[PDB]
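First the structure, in the form of structure tokens, and then the observations on it.
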Amino acid sequence: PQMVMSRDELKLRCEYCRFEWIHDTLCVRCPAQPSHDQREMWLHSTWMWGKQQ
Amino acid sequence: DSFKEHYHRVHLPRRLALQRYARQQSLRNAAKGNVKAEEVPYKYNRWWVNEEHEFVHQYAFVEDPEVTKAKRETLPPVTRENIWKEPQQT
Amino acid sequence: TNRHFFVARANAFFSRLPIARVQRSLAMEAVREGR
Amino acid sequence: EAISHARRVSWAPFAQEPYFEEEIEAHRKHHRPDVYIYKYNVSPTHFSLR
Amino acid sequence: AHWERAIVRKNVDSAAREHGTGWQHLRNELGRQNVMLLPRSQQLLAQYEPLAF
Amino acid sequence: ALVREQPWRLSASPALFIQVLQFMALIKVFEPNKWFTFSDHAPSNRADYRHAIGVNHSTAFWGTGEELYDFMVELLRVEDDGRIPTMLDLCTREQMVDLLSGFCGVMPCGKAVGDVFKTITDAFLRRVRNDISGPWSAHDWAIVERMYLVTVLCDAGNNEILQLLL
Amino acid sequence: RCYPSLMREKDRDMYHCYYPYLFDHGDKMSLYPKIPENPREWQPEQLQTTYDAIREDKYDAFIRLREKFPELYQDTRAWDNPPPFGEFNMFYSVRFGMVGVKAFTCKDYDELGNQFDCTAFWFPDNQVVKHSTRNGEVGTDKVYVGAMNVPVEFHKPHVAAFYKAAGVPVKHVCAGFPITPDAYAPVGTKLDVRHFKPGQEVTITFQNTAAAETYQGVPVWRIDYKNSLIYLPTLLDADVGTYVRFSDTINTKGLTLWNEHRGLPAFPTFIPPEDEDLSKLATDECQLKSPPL
Amino acid sequence: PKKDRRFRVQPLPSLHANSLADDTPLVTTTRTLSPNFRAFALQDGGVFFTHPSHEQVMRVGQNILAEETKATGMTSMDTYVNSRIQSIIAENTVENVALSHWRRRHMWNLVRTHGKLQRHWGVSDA
Amino acid sequence: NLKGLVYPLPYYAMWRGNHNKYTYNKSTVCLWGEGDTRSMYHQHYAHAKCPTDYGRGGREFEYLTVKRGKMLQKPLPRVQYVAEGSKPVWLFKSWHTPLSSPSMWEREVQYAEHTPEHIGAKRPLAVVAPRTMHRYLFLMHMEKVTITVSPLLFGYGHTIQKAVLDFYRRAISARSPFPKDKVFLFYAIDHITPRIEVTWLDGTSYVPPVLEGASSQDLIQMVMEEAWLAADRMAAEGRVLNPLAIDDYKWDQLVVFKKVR
Amino acid sequence: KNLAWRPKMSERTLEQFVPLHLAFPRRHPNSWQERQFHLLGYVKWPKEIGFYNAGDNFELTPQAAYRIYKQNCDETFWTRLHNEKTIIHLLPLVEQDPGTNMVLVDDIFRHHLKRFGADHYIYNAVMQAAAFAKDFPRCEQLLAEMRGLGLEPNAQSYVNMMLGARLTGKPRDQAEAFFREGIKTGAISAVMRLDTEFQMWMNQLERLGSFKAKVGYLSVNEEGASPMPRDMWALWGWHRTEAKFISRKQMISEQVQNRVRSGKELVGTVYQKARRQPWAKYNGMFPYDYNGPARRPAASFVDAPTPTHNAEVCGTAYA
RNA sequence: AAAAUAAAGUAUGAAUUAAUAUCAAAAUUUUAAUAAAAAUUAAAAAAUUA
RNA sequence: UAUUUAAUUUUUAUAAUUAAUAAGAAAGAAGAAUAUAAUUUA
Ligand SMILES: [Mg+2]
Ligand SMILES: [Zn+2]
């Protein structure tokens with residue numbers, strides 16, 4: 001999914017676009033036309049302290 | 001001397017001591033005149049279906065010391081002819 | 001490996017089993033079935 | 001087949017919502033009559049605290 | 001100098017912790033009462049004169 | 001023999017109880033480490049130490065006196081008031097002394113376990129209190145004395161017995 | 001593939017269960033969770049279910065269905081009827097091997113013309129010399145097997161002591177086999193060669209020509225139960241006279257060696273019928289041979 | 001520039017800003033023997049404390065210990081500790097040798113062998 | 001990395017990475033419903049798991065368990081509320097059957113104890129009901145719907161009065177599949193808490209429970225659910241039920257999305 | 001390459017196993033437990049007033065409840081439900097001593113009757129009180145008074161009657177007649193044939209047998225008694241969202257949401273347009289999940305009268 | 001890679017080299033240019049041979 | 001030659017509870033040497 005730089009650059013393109021949470025990261029999912037999916041870029045779902053700051 | 005192996009160096013005999021302390025339970029359940037092999041309840045749900053919808057089975061075996069004690073004491077019965085006089089197919 | 005099971009050998013005791021005899025035996029069973 | 005005892009229609013010849021809330025029988029769970037005992041809900045079927 | 005006074009202080013501290021306080025309070029209060037026992041002396045008191053400490 | 005297939009036999013005769021216990025204290029079974037030590041200055045860990053590359057696989061932890069000692073502790077471990085320990089009232093007084101000393105001597109510390117010590121000492125006192133009014137000899141004073149000595153060795157002095165002797 | 005089907009523990013519960021899920025009150029099994037006797041320890045928003053039509057009915061169907069078509073559900077019987085101990089569990093049980101000697105080399109033909117190169121192993125006397133369970137822990141059990149009866153003065157004095165303690169006749173060599181408690185045979189048992197089936201696979205551990213080697217797949221070819229030989233379709237790199245530790249290869253890539261399709265072992269050990277005497281028996285009629293490869 | 005390995009003063013329970021008040025010292029100690037330390041006021045401005053002695057304190061500890069173990073009975077460690085307290089109260093001197101020594105040397109009383117070489121409280125020429 | 005005893009079961013040890021090498025913990029790392037979570041309360045696992053049965057945690061999970069001592073096999077549970085000797089009636093439920101027929105939703109084994117004679121019922125009732133949102137009141141098995149309001153009872157703002165009358169406004173509206181001739185409004189003289197009453201082809205009457213603060217759509221919802229239950233209850237007498245024009249629960253439909261360009 | 005530590009797997013394969021919802025090795029220290037008790041604005045009361053019983057549930061004491069009643073009877077906020085709640089709270093007392101604890105029930109009864117003329121709430125309640133006090137004639141008298149008043153006896157009135165009928169030691173068929181008459185009336189709706197249904201009600205009562213009995217749920221008097229629940233984050237639900245203990249100003253807001261008209265959402269219905277999806281909500285730690293629950297001034301009692309009888313132990317009150 | 005010859009050995013006894021403490025193993029960062037320099041974390045047994 | 005690895009410290013009755021990726025009386029030939037643990041032998 002296309003990775004936007006922040007929450008503000010998120011937008012809903014379809015009638016069918018929703019906001020959704022992937023573990024504290026805010027995203028947009030489209031059950032139709034999957035090219036619509038947008039991730040707000042943030043830490044990997046699994047990170048340690050030494051590994052990712 | 002790494003961390004792990006020093007840890008196990010210290011703690012292995014303590015594990016042994018602790019499971020020994022688990023053992024003495026049956027001993028005080030022995031000396032009092034009772035004799036019993038502490039029983040494990042039979043687990044009925046070992047058959048499952050995971051999220052991908054396929055069959056998963058849990059193998060649970062229970063050793064019987066009263067069987068074992070007899071198995072180390074005396075011979076088996078005579079080997080059936082169905083076994084050795086015919087081969088095992090590949 | 002220096003262990004005992006691996007180092008020790010049975011050579012000295014081979015006279016207890018008749019290798020020559022058994023080889024000839026299975027040569028008899030070799031010609032009996034016609035190989 | 002690969003289907004579970006529940007969800008299996010008969011013995012005769014999921015990942016998206018992991019938890020459920022247990023079902024009371026159909027004719028019971030449509031409007032469910034309130035009955036006190038000393039601060040317990042007592043039905044012909046179930047018990048509860050309220 | 002720092003190693004040693006670190007030791008002394010540690011001792012006084014633990015000897016106070018038996019009594020439910022620590023160096024951090026006792027330092028201040030010893031100053032406020034105008035007692036003027038050097039740390040080394042509070043250690044000598046703690047070890048050889050427990051009732052006095 | 002004395003634990004698994006004939007568990008009764010040790011309770012029956014205290015004589016062989018004290019015998020086994022004492023032979024068990026003579027070889028020192030609970031410090032196997034001094035079996036492997038040739039000089040007391042460099043005590044060997046041969047019994048206590050294993051590695052995963054297989055050093056000391058043979059000399060590694062052997063339960064040795066484990067079942068025996070624990071079991072013959074659990075013979076004295078009946079603290080219940082419904083039944084006092086059945087073997088202890090079967091014991092002659094000096095027998096009690098020598099079996100307490102046995103326990104005291106088996107341990108690597110050289111000090112008996114608390115429950116056992118308490119049980120025996122208290123069984124011995126209630127014997128002594130009864131017997132001292134009846135038939136009595138200078139020998140039985142010696143028994144009590146070498147009871148009190150044991151007691152001091154295990155670091156619980158018996159103020160009762162001491163004030164009986166003084 | 002080489003992984004089984006993954007299942008997490010958070011997922012095993014009433015709704016994922018293949019057969020009916022059972023709750024354990026400890027004296028009794030019911031299909032309802034246990035209702036705590038102290039009612040004031042009940043949680044808010046929790047139903048206590050004494051009866052449930054949905055789950056009880058499905059169960060009812062299942063049972064009556066199991067009884068009226070026992071021929072269809074004979075597999076379901078595994079749920080309700082577990083196998084007792086001993087009796088060679090196909091998945092559970094592991095037996096001990098025996099100690100061999102690489103004797104000579106040979107050449108054999110199968111049914112068709114083909115030149116096989118066989119190595120012959122000899123099992124002169126195999127007894128069970130020792131039983132060892134380590135601190136009574138589970139799966140730690142060993143049966144020590146000895147080989148080659150040997151004169152009093154052979155070993156350094158400390159080995160002879162071992163055999164004296166045991167009660168076994170003195171052996172030239174020993175090897176331990178880890179086994180399950182059902183595979184025990186009493187100390188001093190004479191082991192035969194027909195402990196191995198002629199069609200099976202065998203794990204072989206010996207000394208290379210110079211560390212220890214293991215061949216895990218190797219099938220058995222032919223067996224002399226007179227001369228106590230055994231034959232393998234292999235050329236070892238080993239010295240003649242080398243002792244070799246034999247075992248059953250327990251599984252080949254997801255497949256158990258021992259099953260109803262393939263066959264069943266002589267489980268704790270082979271034992272001979274009392275009526276037979278090898279002393280009346282010739283070399284040839286004493287042969288046991290594999291099916292065609 | 002080397003890391004500091006010197007010993008740290010342990011962290012203490014946080015004060016609630018009621019400590020900013022005068023007349024409320026920030027040392028809070030109220031303990032079992034606290035009432036026994038009596039305060040008197042010297043003409044100097046110094047103070048004068050009256051307290052129990054060493055072995056009075058220790059005997060109080062002994063009473064408490066014995067009273068804790070009355071119910072369950074004394075385990076070996078309590079026996080050892082009571083012993084040591086008792087000795088420290090009566091000491092009159094300083095103890096310079098391992099306590100275990102006397103037991104090690106006297107072990108022959110505990111473990112008795114066969115009667116041939118068996119040892120007694122006097123031996124030679126008997 | 002397999003040493004010691006290795007059981008013939010093809011791969012037990014595979015998922016923890018092929019070794020037997022720790023195994024002596026009784027404690028592991030747990031999501032909800034995994035082992036040491038035995039003692040914490042959770043709505044789901046409280047009714048879905050016996051808490052003697054919680055096993056080890058994540059990728060360390062028991063495909064194989066070997067324990068010692070005698071085995072205790074408890075007898076299976078016997079079914080409650082059925083007297084012995086009772087000969088039941090058997091039902092045949094198949095995937096062949098669609099979800100449109102009531103033949104899916106009920107008891108697979110039908111006793112004579114579980115058959116209510118209050119209502120005429122030849123076979124017992126169903127145990128599970130379908131769940132959807134009913135946007136419209138549509139004539140189902142109902143032959144009449146009566147709405148009784150006393151105008152003498154009066155007030156301003158949102159009240160149950162307003163809710164019931166709004167029920168009516170919805171039923172008689174243009175977009176309502178309900179036939180407009182079967183809805184009967186009745187003004188009552190004395191102080192009647194407004195009630196809706198639906199009478200079925202059976203002659204039995206249902207009164208939805210107007211709650212304080214009830215709105216229009218709750219009453220619609222209620223009446224339709226109840227209509228399914230009673231459709232079933234009538235089906236249990238043996239009435240022969242005509243198919244329904246509109247399907248609330250869409251069984252044969254897929255969710256369709258519109259196009260792109 | 002130890003495999004007990006660094007297994008042979010992809011991180012891609014292995015990252016399903018990193019718990020992002022972790023349960024057992026818990027994240028809430030003990031130090032916090034008390035703090036997060038205050039943040040929610042709860043108050044510690046003396047064991048006389050009430051406490052958190054074995055299921056960590058706050059229950060009022062009888063004789064605490066009756067006093068609260070005696071003070072707040074005429075208060076504007078006091079509703080007719082509060083009365084019957086009090087009457088319920090009195091039942092164990094009622095059963096253990098029917099003579100002197102019934103008079104209280106009648107105070108509540110008459111008082112309720114003159115503040116709100118007559119109701120189902122109050123009649124159900126007192127008739128249940130009489131059901132535990134083992135006066136049957138009082139129960140029938142009550143029921144007659146219901147019908148004479150025009151009050152149409154509720155399904156709970158018939159269950160009260162089966163309970164009274166049962167534990168007053170009267171034969172079956174006096175209860176059966178209550179159940180059947182109650183089912184003719186259209187109060188009780190039974191799905192099974194009458195006999196088996198009635199058996200179900202009876203079996204559900206005998207499990208529940210009363211406070212004085214030798215067997216029953218009500219016959220268990222042991223209560224783990226605590227000034228504060230021994231775990232503050234306990235769940236009634238699935239998620240940490242659904243937690244059992246919530247702030248008093250939230251537990252106000254939801255009470256508001258309940259008593260206000262239903263315009264947005266369904267109610268009294270099984271659908272629930274908005275489904276439970278706790279796993280869908282935000283999973284991540286807030287700063288109060290590191291530094292601990294925010295400090296609010298602890299609930300304090302100013303000028304509480306001196307604790308006379310501070311030596312005496314108060315008795316556990318089922319009395 | 002077969003064949004021939006040469007390596008434990010008794011005796012004799014040099015040469016390059018040599019700032020060193022019984023030694024300096026592994027990793028990470030920094031420091032004016034490998035940094036066997038620092039600091040941190042760590043875990044290097046002896047002998048003999050290639 | 002320092003480090004670093006690989007091997008060895010000359011039969012260990014036996015090997016794996018963990019690290020990382022294992023050790024019983026002693027040195028000539030290990031062979032009385034032409035593959036027999038004596039091919040009968042003065
Ligand atoms: Mg200085
Ligand atoms: Zn879209």
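Identifiers for the structure tokens are assigned positionally: chains receive A, B, ... in sequence, residues are indexed from 1 per chain, and ligands are indexed from 1 in the order shown.
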key: helix (DSSP H, G or I) positions in region 17-65 of chain F, given as a VMD selection string   = chain F and resid 17 to 26 32 to 34
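Based on only C-alpha atoms (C1' of nucleotides) and all ligand atoms, the protein and nucleic acid residues found within 7 Å of ligand 2 are, by chain and then by number, residues 12, 13, 14, 15, 16, 17, 30, 32, 33 and 36 of chain A.
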message = Please return as a list in words the residues found within 12 Å of ligand 1, counting only C-alpha atoms (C1' of nucleotides) and all ligand atoms.
response = residues 1, 2, 3, 4 and 5 of chain E
Requested write-out: N, CA, C and O atoms of the selected residues, as an mmCIF file, in the first residue's frame:
data_model
loop_
_atom_site.group_PDB
_atom_site.id
_atom_site.type_symbol
_atom_site.label_atom_id
_atom_site.label_comp_id
_atom_site.auth_asym_id
_atom_site.auth_seq_id
_atom_site.Cartn_x
_atom_site.Cartn_y
_atom_site.Cartn_z
ATOM 1 N N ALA E 1 39.987 9.178 46.905
ATOM 2 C CA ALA E 1 39.162 9.942 47.827
ATOM 3 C C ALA E 1 37.693 9.670 47.567
ATOM 4 O O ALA E 1 36.908 9.518 48.498
ATOM 5 N N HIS E 2 37.331 9.595 46.294
ATOM 6 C CA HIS E 2 35.947 9.383 45.922
ATOM 7 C C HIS E 2 35.521 7.959 46.198
ATOM 8 O O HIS E 2 34.416 7.734 46.688
ATOM 9 N N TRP E 3 36.398 7.002 45.916
ATOM 10 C CA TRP E 3 36.086 5.607 46.196
ATOM 11 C C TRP E 3 35.784 5.401 47.676
ATOM 12 O O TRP E 3 34.750 4.832 48.054
ATOM 13 N N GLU E 4 36.685 5.889 48.515
ATOM 14 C CA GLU E 4 36.530 5.709 49.940
ATOM 15 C C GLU E 4 35.291 6.401 50.490
ATOM 16 O O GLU E 4 34.520 5.776 51.224
ATOM 17 N N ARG E 5 35.066 7.668 50.152
ATOM 18 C CA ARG E 5 33.914 8.338 50.748
ATOM 19 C C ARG E 5 32.629 7.756 50.183
ATOM 20 O O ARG E 5 31.588 7.776 50.848
#
request  = Within 10 Å of region 48-64 of chain B, counting only C-alpha atoms (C1' of nucleotides), which residues show up once you throw out same-chain ones fewer than 6 positions away? Write them as a PyMOL selection string, please.
outcome  = (chain B and resi 37+39-42) or (chain D and resi 1-5+14-16+18) or (chain G and resi 4-8+11-19+21+82-86+89+91-92+138-139+180-182) or (chain I and resi 9+12+61-71)
Create the file for the chosen residues now, containing C-alpha atoms and written as a short mmCIF file (atom, residue, chain, number, x, y, z; two decimals), in the first residue's frame.
data_model
loop_
_atom_site.label_atom_id
_atom_site.label_comp_id
_atom_site.auth_asym_id
_atom_site.auth_seq_id
_atom_site.Cartn_x
_atom_site.Cartn_y
_atom_site.Cartn_z
CA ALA B 37 0.51 -43.72 41.42
CA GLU B 39 -3.07 -40.14 38.26
CA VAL B 40 -3.24 -37.87 35.26
CA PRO B 41 -6.73 -36.99 33.99
CA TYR B 42 -7.47 -38.13 30.39
CA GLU D 1 -14.31 -32.40 6.04
CA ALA D 2 -12.14 -29.79 7.77
CA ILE D 3 -15.10 -28.18 9.60
CA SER D 4 -15.44 -28.01 13.45
CA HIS D 5 -18.12 -29.66 15.65
CA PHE D 14 -12.34 -17.89 11.98
CA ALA D 15 -9.47 -15.36 11.88
CA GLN D 16 -11.45 -12.10 11.41
CA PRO D 18 -11.74 -14.47 17.20
CA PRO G 4 3.06 -29.76 10.37
CA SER G 5 -0.13 -27.66 10.31
CA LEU G 6 0.39 -24.82 12.78
CA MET G 7 -2.00 -24.39 15.65
CA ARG G 8 -1.92 -21.86 18.43
CA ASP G 11 -7.40 -21.15 19.28
CA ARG G 12 -8.26 -24.41 20.93
CA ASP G 13 -11.63 -24.05 22.54
CA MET G 14 -15.29 -24.93 22.12
CA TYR G 15 -15.81 -23.40 18.68
CA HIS G 16 -12.63 -24.78 17.10
CA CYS G 17 -13.04 -28.27 18.46
CA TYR G 18 -13.37 -31.13 15.99
CA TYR G 19 -15.39 -33.39 18.29
CA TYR G 21 -15.63 -29.83 23.49
CA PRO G 82 -7.59 -44.39 24.06
CA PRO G 83 -5.07 -47.25 23.64
CA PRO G 84 -3.62 -48.61 26.90
CA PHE G 85 0.09 -48.65 27.76
CA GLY G 86 2.50 -51.21 26.34
CA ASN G 89 1.94 -47.48 20.11
CA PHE G 91 3.78 -43.08 17.29
CA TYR G 92 4.98 -43.43 20.86
CA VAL G 138 10.38 -39.05 31.53
CA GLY G 139 11.89 -40.26 28.26
CA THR G 180 10.22 -45.76 25.89
CA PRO G 181 9.12 -47.53 29.15
CA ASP G 182 7.14 -50.16 27.25
CA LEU I 9 5.87 -39.00 15.48
CA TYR I 12 6.59 -32.71 16.94
CA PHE I 61 2.87 -25.62 21.88
CA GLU I 62 2.24 -29.23 22.57
CA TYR I 63 1.83 -31.50 19.61
CA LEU I 64 3.18 -34.21 21.87
CA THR I 65 2.87 -34.70 25.64
CA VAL I 66 4.37 -37.51 27.67
CA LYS I 67 3.41 -37.83 31.34
CA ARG I 68 3.51 -40.64 33.92
CA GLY I 69 1.06 -42.16 36.42
CA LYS I 70 -2.31 -43.89 35.97
CA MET I 71 -4.78 -42.53 33.44
#
ask   = If we count only C-alpha atoms (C1' of nucleotides), what is near residue 13 (chain E) at a cut-off of 7 Å, once residues fewer than 6 positions away on the same chain are taken out, given as a VMD selection string?
value = (chain E and resid 22 to 23) or (chain H and resid 9)
Can you spit out the residues from that selection as a PDB file, in the first residue's frame, using N, CA and C atoms?
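Result went into result-v7.pdb, see below:
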ATOM      1  N   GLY E  22      17.161   6.933  54.873  1.00  0.00           N
ATOM      2  CA  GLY E  22      18.362   6.790  54.088  1.00  0.00           C
ATOM      3  C   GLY E  22      19.226   8.012  54.167  1.00  0.00           C
ATOM      4  N   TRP E  23      20.372   7.919  53.511  1.00  0.00           N
ATOM      5  CA  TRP E  23      21.346   8.991  53.477  1.00  0.00           C
ATOM      6  C   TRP E  23      20.715  10.309  53.076  1.00  0.00           C
TER       7      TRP E  23
ATOM      8  N   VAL H   9      23.789   5.465  46.740  1.00  0.00           N
ATOM      9  CA  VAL H   9      22.827   5.542  47.833  1.00  0.00           C
ATOM     10  C   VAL H   9      21.449   5.157  47.310  1.00  0.00           C
TER      11      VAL H   9
END
message = For a quick test of understanding: name the residues of chain G lying within 12 Å of chain L when counting only C-alpha atoms (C1' of nucleotides), and present them as a ChimeraX atom specification.
response = /G:129-132,134-135,137-140,142-147,154-166,170-178,210,240
May I have the selected residues written with C-alpha atoms, as a tab-separated table (two decimals), in the first residue's frame?
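Contents of out_39.tsv, freshly written:
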chain	number	residue	atom	x	y	z
G	129	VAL	CA	23.25	-55.85	30.30
G	130	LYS	CA	21.82	-52.77	32.01
G	131	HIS	CA	18.71	-50.70	32.78
G	132	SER	CA	19.18	-47.02	33.41
G	134	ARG	CA	18.00	-40.99	35.03
G	135	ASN	CA	16.49	-39.66	38.26
G	137	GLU	CA	12.59	-38.43	34.56
G	138	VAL	CA	10.38	-39.05	31.53
G	139	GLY	CA	11.89	-40.26	28.26
G	140	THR	CA	15.30	-40.72	29.87
G	142	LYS	CA	18.15	-46.52	28.46
G	143	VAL	CA	18.68	-50.18	27.80
G	144	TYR	CA	22.34	-51.14	27.62
G	145	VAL	CA	23.11	-54.04	25.30
G	146	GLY	CA	26.31	-56.08	25.46
G	147	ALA	CA	28.09	-58.20	22.82
G	154	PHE	CA	40.29	-59.54	29.04
G	155	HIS	CA	39.31	-56.17	30.39
G	156	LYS	CA	41.09	-53.83	32.73
G	157	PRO	CA	39.96	-54.86	36.22
G	158	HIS	CA	37.44	-52.05	36.52
G	159	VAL	CA	35.27	-53.30	33.66
G	160	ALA	CA	35.18	-56.85	34.94
G	161	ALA	CA	33.83	-55.35	38.15
G	162	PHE	CA	30.95	-53.81	36.25
G	163	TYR	CA	29.98	-57.12	34.72
G	164	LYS	CA	30.30	-58.85	38.08
G	165	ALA	CA	27.88	-56.40	39.65
G	166	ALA	CA	25.39	-56.71	36.82
G	170	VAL	CA	31.21	-60.59	30.68
G	171	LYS	CA	30.96	-58.86	27.33
G	172	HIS	CA	33.59	-57.33	25.07
G	173	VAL	CA	31.43	-54.31	24.36
G	174	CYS	CA	28.31	-52.31	25.39
G	175	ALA	CA	26.04	-49.73	23.80
G	176	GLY	CA	23.07	-47.84	25.21
G	177	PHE	CA	19.73	-47.36	23.52
G	178	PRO	CA	17.25	-44.66	24.56
G	210	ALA	CA	38.86	-42.19	11.97
G	240	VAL	CA	36.63	-55.71	9.20
